[PDB]
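Presented below is the structure to which this report refers.
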Protein chains: 4
Amino acid sequence: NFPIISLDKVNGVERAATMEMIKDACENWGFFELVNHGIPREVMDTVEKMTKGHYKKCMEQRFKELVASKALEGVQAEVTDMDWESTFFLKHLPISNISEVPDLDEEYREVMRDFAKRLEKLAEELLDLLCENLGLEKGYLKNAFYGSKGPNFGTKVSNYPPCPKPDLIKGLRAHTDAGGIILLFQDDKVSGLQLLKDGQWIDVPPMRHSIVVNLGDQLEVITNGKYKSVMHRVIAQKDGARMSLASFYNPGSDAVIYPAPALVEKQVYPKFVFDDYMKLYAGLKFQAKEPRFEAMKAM
Amino acid sequence: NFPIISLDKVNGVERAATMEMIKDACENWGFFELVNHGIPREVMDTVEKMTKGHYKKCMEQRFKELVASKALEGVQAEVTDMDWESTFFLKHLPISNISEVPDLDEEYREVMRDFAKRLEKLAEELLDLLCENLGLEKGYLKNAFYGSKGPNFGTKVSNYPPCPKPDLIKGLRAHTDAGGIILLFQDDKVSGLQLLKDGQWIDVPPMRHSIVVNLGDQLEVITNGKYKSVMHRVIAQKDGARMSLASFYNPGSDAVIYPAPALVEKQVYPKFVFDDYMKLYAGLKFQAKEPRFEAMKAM
Amino acid sequence: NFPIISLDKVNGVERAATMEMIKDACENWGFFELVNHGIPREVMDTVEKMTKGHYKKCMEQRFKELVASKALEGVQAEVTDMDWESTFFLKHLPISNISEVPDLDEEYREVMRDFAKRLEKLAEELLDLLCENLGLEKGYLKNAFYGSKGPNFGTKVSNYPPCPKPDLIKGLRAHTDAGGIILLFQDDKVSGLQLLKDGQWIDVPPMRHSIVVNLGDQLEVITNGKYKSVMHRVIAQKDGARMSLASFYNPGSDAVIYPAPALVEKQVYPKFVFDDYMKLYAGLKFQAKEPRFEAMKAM
Amino acid sequence: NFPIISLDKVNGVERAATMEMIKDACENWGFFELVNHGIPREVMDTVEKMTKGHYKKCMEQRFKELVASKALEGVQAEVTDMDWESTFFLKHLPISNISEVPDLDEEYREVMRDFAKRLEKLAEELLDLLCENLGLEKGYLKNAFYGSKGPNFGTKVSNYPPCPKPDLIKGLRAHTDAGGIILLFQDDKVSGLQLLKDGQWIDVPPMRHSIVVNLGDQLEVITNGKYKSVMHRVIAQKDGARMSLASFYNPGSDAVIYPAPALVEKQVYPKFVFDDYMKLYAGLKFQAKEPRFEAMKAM
Ligand code: NI
Ligand code: NI
Ligand code: NI
Ligand code: NI
C-alpha cells in the first residue's frame, strides 16, 4: 500500500521504520507523500489563499479582454469561452526572479521567497536521508547537484479547471520527470496524480496538508538504477484539487551527473553534463545532419 | 414560473393556451424552453455524439502539440496545463461554409447541413407565431430580416470544461444578444444559463431534448419595445452541460430594421441598417475624430 | 513650405519670427519639426545605439525560438520567416514602469529615465509657447492636462523592417492622434511620416537630430478648433528610419477637457473626461443595448 | 564559378558538357541554378502576379485587424507595426490539399495544381539525370522515394520584407535541408541565397526566370556521401526578391532510405525509414527516459 510518511518521526524513536518506508518508497514506488514535514499549516494556507486571489484577478482581467476581443469580431464572449488554465514559473536558485515576475503583490512575492527557502531546506533534508539509505556521505547529492553556480530550484504555479469528462483524459501520454527531486504542494486532499505501477494506474491517496515527493531521471543515474524514476501523470478531478505548486530541485546546468562509484558492482548508467540531457530532451541536440547520421547508425 | 412550451400543442386544441405562454414568455421573460419542437431525438443525439467525437480528436491533438511546445522550453506539459475550451462557427445563410471549415468528417458536415435546414425552419415558424401574437402579417419578420441576399443564420459550436469554482464566475458581466432570435441546443439537461429578472439571477430549468429560445435587440426594435431582449449569461456547471450549439438567426447585413408602424401609438425606437448596429457594437463607428466629437456633445 | 523650427532661437532676438512659425505650424500644419531643442546629440545617439542593441538581442532570440518552433513541425525556419517588427511601451507619468519592463539592461533603463525627464520638460515648454500664442496663462494646458494624479506621459519604442513595396502601403488608413502633444524621435533623417494636407500626401522633410511634434485631438478641443489635429500616417522607407520613439504627453485619465472659455466668441467643442474619450475610442462605451439605441436615434 | 545550367541543352549536342556541369554541381556545390527548364515564362509570371495579389489582400486584412486590436488597448496601430511576413504550405503528393487551403481564388488554386504537376515532372527528370551520372537505373531514386503511397511533394509559399540591416542577419544559423531535392522559384533575379563553401559565404548569382535546385540529406545517404547536402541560408535583400516558392520533393513517410549498394566499395551511411529521420529532426524520438540513456551512453 502507498507510502505515507510522517517526516517528524525521523527525529524520534520510530526513525528506523520511517527510514525503511523511505527506502521502500524510493526503490519500489518512486513516490511518497509527506506529512508533518516542518512547514506550518498557517504558511501553506497563506500560500493557497494568496495564489487563488492572484488567479481570480487574472481570470476577471482575461474575461474583460476576451469580451473586447470577441466583440471586435461582432461576437459575444460567453463565460463558457473562458480559458481557465493559468500557469507561471518562479525561479529561486541559483538566481531568484520573484521580484521580476509581472502582476504580483509585494506581500505575495515575499511569501514565495519564504516558501522557497523552506522547500530547499526540506529538499536538501530529504536528499541527506536518501544519502543515508544509499550508504553515502552527507550532502553527496547536494554536492553532485551543485556544478559551479549551484542547483536549479524553481516552482511551477498552476491553476486549472476540471477535465470535461474522464474518457477524453484516457489514453493520454505519461512521463518520468527529467529532473532531480520534485515536491508537489496542492490544495484540497485529492491530488489527481496517478502512478503507472506494473502496467496499471494507481492514484496517489488523498491527504490534507501533504507534500508529494518523487524522484526524477537524475537520481536514477546517480544511484545506478537503484532508485528508478517512475511513470506518472496529473489529471484535474471534478471535485479535487484545482491548484498545483510543483517545485523542481534539479542539478545546476553545468553539473556533471554520473553514477556514484560506490554503488557499482557487476549495466552501468552514463556520465553527462545536466544541460546536455535537457538539450536532448528539448530536441536541440540533433539540429545538424552529422549528429542525425550518428543516431541512425546506432539504431 | 419559467415558460416551458410544448411546440406540438400549437397544432391541436391546446393552441390558445400555448400561444398565450409564448406571448407571456416574449413580453415578461424574453426567453422560453421548447420541447416537442419537430427535431427528432435521433437527430439531436447524432449531433451530440458526433460533435463530442470531433472535440475528443482536437484535445488529443492539442495535447500532443502542447507536450512538444513545452518540451521545447525544457518543461513537461501536464494534463492540468490543457486548454479544454474549443469553439468554432458554421455559417449557413446567406452563404453556407460547412464545406470549407477545417478538420471535419464528411458525415459530420452533412449532418450539420441537415441540422441547419431544420433549425431555420423552426426559427421561421417561431417568427410567424410571434407575428401572430403581435398582430402582424405572416412572414413580416422574415421579410424584415431579409435585406437583399437574405438573413444571417449560423451556429456557434462550443465545448468547454466546468468553472473551477462559483466565486470566480460571480461578478461577471451579463449581456443582451444583439441579433434577432437565438436558439440554443445543449447536451445534458442543465444549461447553466441564467436570466437577470428584476435584479436577480434565475436559472433556466433543466430539460432533456430541449431548445432554449431567446429574443435579441433587433426584435425589441421591430416590436417598439414590446418584446424586450433580456439580460443573461451562460456558465458551465460542475455536473451540467459541457457542449453548446448556439444558432443565431439575425437580419441580413443590409437589412433596414425599424419598429413596425402598426405597433406605434403615443418613445419611438430607431431606424437603422443592421450592419451599422453591429459596426457600433464592435467599436468601428468612432474610428475618426469628428464622430467622437458628435458623441461627446450628445453626452 | 513645411515648418522647421530652431527652438533655441526663442531665447534670442529672432523670437518673434520663431513664435510666428509655431503659430503658423499649429494653425495650418498641425505638425512641426524641431532642431536645437535642448537635448544633446550625445544623449540622442546613446538612446539610438542602446535601443538598436536591445533590438538585435530580441531578433537573435526570436530566431532561435522560430527555428525550434518550426523544427517541431518538421520544417526549417528560414531567415525570411522572421517577424522583424518589435514594439514595447514605457510609462513615465504619473507612475513610471521602466524598472518593471522585462529584458532591459540597467544602464538602458537609466538612460530612458533621463530621456523621459528631458522630454516632459520639452513637452511642457512647448505647451507654454502654445499658451502664449493662444493668449493664455502660463501652464494653463499643463494645469488642464493634470486631473488629479497628473498627466499621462509615456513612450512607444518600435523597431521594424521596410515595407516590401509602396503599392501595398498605398490605400492604408490614416488617423489623427487622440492624445495631447506627441513627440517623435527617430534615427536617420528620413521619418517616412506623411501629412494629409488638402487631400494630398506631404512627406515630413528629412532632418538629422530632429524631434517631430504634432498636436492631438485634445488640443483641438481646448483651443475650440483653432489648433486642429491633422491626418497622418508613418510608413517605413526602404533606406530611411527603422527605429521610432513616439512619446505621448496626454491628459490624465480623470482630467476634464473642454474649450478654454477665453477662446469662444460666436460651433462650440464639447466638455468631457479624458478617459471617456479613450473609452469611446476603444469601443467600450456601447457595450450595452440602451447606449446603442441612443446612438442609432442620433443618426 | 557557380554552376548555371541550361536544361534544354541536355536534348542537343551539348549534352555531355551539360551533364558534366550537373555532376560537378552535385559533387562540389550541392546547388545549381536552372534556366530553360521547360516551364514557360508566362506560367511563372502568372504564379508571381497572382501570389503577390493574394499577399496584398492578406496585408490589407491584417492591418484592419491590427488597427482594431491596438485600438482595443487605446493605441493607434501604425503601418510600422505591421508583420509583413506571411507564409503558407501547399501539399501536392501523395494527397493534394490545394482545394482545402483557406482564402484562395479558384483561378489561383487551379494555377498551383498546374504549377505542381509541372514541377514534379522537372523534379523527376532531374533525379533521372542524377541516376545517370551516378551510374544507376532510370527511376531508381523515384522508386526509392516512393515507399507505399508515393513521395512527399509540397510547396512553401512565402512573402516577406527586407531585413532591417545586414549586421542583425549576420551570425544567424545555417542548415542543410533534411529532404530529397528542393526547387526554389523566386521573383526578381536576386535570390538572397548563400552557400557556406569552404568556410565562406557565396551568394547564388542573380538570374531571371531561374529555378535554384539543391540536394538534401536523403540524397547524401542514397549516394553514400558522394552528393553531399550543403550548408546554406536565405536572407531577404533590400532590393532583391520578396517572394519565395520553395517546393520540396522528399521521400514518402514509410520509404526506407539507404545507400544504393552499387555505390559502396571500401564509412557506410545508415539505413532508416524517412519518417524516423524527420521524427529525430523534430525532437520526438527522445521523449522517454530509456532512449535518452542510450544517447548519453553513446556520447
Ligand atoms: Ni511529472
Ligand atoms: Ni447571449
Ligand atoms: Ni499618429
Ligand atoms: Ni534550405
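Numbered from 1 within each chain, the chains take letters A, B, ... in sequence-line order. As a basis for the values below, the full set of heavy atoms in this structure was taken, side chains included, without hydrogen atoms, waters or symmetry mates.
What you find for D:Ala282 and C:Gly74 is that their closest heavy atoms are CB-N, 4.4 Å. A:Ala77 and A:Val67 get closest at one heavy-atom pair: CB-CA, 3.6 Å. What you find for B:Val111 and B:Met50 is that their closest heavy atoms are CG2-SD, 4.2 Å. When all heavy atoms of B:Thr80 and A:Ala236 are compared, the pair lying nearest together is CG2-N, 3.9 Å. Of all non-hydrogen atoms in A:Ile235 and A:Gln237, the two that sit nearest each other are O-OE1, 3.1 Å.
At a threshold of 4.5 Å between non-hydrogen side-chain atoms, the residues D:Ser69 and A:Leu72 count as touching. In this structure, B:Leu219 and B:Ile181 have side chains that are in contact, with non-hydrogen atoms separated by less than 4.5 Å. Put simply, the side chain of A:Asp239 does not reach to within 4.5 Å of the side chain of A:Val190, judged on heavy atoms. Using a 4.5 Å heavy-atom cutoff, the side chains of B:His232 and B:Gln194 are not in contact. With a 4.5 Å cut-off on side-chain heavy atoms, B:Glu107 and B:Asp105 count as touching. A 4.5 Å side-chain heavy-atom check between B:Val157 and B:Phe89 finds every atom pair outside the cut-off.
B:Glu125 has no carboxylate O lying under 4.0 Å from a charged side-chain N of B:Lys121, or vice versa, which leaves the two without a salt bridge.
The backbone N or O of A:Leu193 sits less than 3.5 Å from a side-chain atom of A:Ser191, completing a donor-acceptor pair. B:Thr155 places no side-chain N or O within 3.5 Å of a backbone atom of B:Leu90 that could act as its donor or acceptor partner. Between the side chain of B:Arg109 and the main chain of B:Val101, a donor-acceptor pair closer than 3.5 Å is present. Distance alone, capped at 3.5 Å, places no donor-acceptor pair between the B:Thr176 side chain and the B:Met231 backbone. Proximity of a side-chain donor or acceptor of A:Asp203 to a complementary backbone N or O of A:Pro205 within less than 3.5 Å is not detected. No side-chain donor-acceptor contact under 3.5 Å links A:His175 to the backbone of A:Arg173. A donor-acceptor distance shorter than 3.5 angstrom exists from the side chain of A:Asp81 to the backbone of A:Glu78, with no hydrogens or angles considered. Between the side chain of B:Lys197 and the backbone N or O of B:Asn28 there is at least one donor-acceptor pair closer than 3.5 Å. Judged by distance alone, with hydrogens and angles left aside, the side-chain atoms of B:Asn250 form a donor-acceptor pair with the main-chain N or O of B:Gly180 at under 3.5 Å. Not a single donor-acceptor pair under 3.5 Å links the side chain of A:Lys156 to the backbone N or O of A:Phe88.
Residue D:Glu73 qualifies as enclosed at atom CD: its count of foreign heavy atoms under 6.0 Å is above 12.
In this structure, the side chain to side chain contact (heavy atoms under 4.5 Å, CB included) partners of A:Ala241, at least two apart in sequence or on a different chain, are A:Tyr160, A:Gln186, A:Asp187, A:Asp188. Under the rule for a side chain to side chain donor-acceptor pair (under 3.5 Å), the partners of B:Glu33 that lie at least two apart in sequence or sit in another chain are B:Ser210. For B:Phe145, the ring-ring contact (aromatic ring centres under 6.0 Å, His included) partners at least two apart in sequence or on another chain are B:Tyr249. B:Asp275 pairs by the side chain to side chain donor-acceptor pair (under 3.5 Å) definition with B:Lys279, not counting sequence neighbours. Applying the side chain to side chain contact (heavy atoms under 4.5 Å, CB included) criterion to D:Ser86, with sequence neighbours excluded, gives D:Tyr55, D:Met59, D:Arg62.
The CG atom of A:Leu172 lies 12.0 Å from the NZ atom of B:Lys64; values are rounded to the nearest 0.5 Å. Atoms OG and CZ, on B:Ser96 and B:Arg113 in that order, are 5.5 Å from each other to the nearest 0.5 Å.
At least one test fails for A:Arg242 against the ring of A:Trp84: distance under 6.0 Å to the centre or angle within 45° of the axis.
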B:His37/B:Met44 under side chain to side chain contact (heavy atoms under 4.5 Å, CB included): CA gap, chis, key distance, verdict: CA-CA 11 Å; B:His37 39 71; B:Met44 283 188 290; 3.7 Å; yes

Are B:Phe153 and B:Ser247 close enough, and set up right, to give a side chain to side chain contact (heavy atoms under 4.5 Å, CB included), and what steps lead you there? CA-CA 7 Å; B:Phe153 184 59; B:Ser247 303; 4.0 Å; yes

Stepwise side chain to side chain contact (heavy atoms under 4.5 Å, CB included) test for B:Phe248 and A:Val75: CA-CA 11 Å; B:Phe248 310 94; A:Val75 175; over 6 Å; no

Verdict with reasoning, B:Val47 to B:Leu245, per side chain to side chain contact (heavy atoms under 4.5 Å, CB included): CA-CA 9 Å; B:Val47 165; B:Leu245 289 89; 3.7 Å; yes

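Of the residues B:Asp177, B:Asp217, B:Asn214, the one that meets the side chain to side chain donor-acceptor pair (under 3.5 Å) test with B:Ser229 is B:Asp217.
Using the six-membered ring where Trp is involved, A:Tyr108 and A:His54 have ring planes that are parallel, under 30° apart on the 30 and 60° scheme.
Residues in residues 89-103 of chain B take part in no salt bridge (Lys or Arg N to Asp or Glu O under 4.0 Å) pair, two or more places apart or across chains.
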